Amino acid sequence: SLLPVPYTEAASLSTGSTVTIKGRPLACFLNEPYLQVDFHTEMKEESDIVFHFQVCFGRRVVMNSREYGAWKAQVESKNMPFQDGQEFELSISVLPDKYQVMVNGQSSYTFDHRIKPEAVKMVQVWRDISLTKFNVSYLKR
């Protein structure tokens, strides 16, 4: 749809920042489309990832970090608030101790900070979705 996918935006994050994403899977859940959101330390796609969020729609979510080129301890969730065939609204809030992921207004995942959110320089949203909205808030000191 509207925004290009893969979608890359330079970004800064700190406590109080919110990343808002509205989009839709490109396939029915039987075909297992993916969604991935990565908070990177540089604009380069091969850079480290402070927060990796990967949905296999209808199946599972994995979260991780990639530090000095290497994936760390994977967190796997079977929580699946996403609905087959539907648009979703994803909010990722930067709290003092963790990221909180809201899906369609419902708290759905959290991930404790392994690297300070101030290390983030770029956000990438990609895999099997269309994207109609992407925002990073910048209202707090």
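For every residue, the number given is its place in the sequence shown, counted from 1.
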ask   = Comparing 9-17 with 122-130, where is the mean C-alpha B-factor higher?
value = 9-17
request  = Quick one: say whether 29-37 or 75-83 has the higher mean Cα B-factor in the deposited entry.
outcome  = 75-83
Candidate set 49, 55, 95, 102 [ranked by C-alpha B-factor, highest] = 95
ask   = residue 43: which third of its chain by C-alpha temperature factor?
value = highest
query = Should residue 115 be placed in the lowest, middle or highest third of its chain by the C-alpha B factor in the entry?
reply = highest
message = Splitting the chain's C-alpha B-factors into thirds, which one does residue 63 fall into?
response = lowest
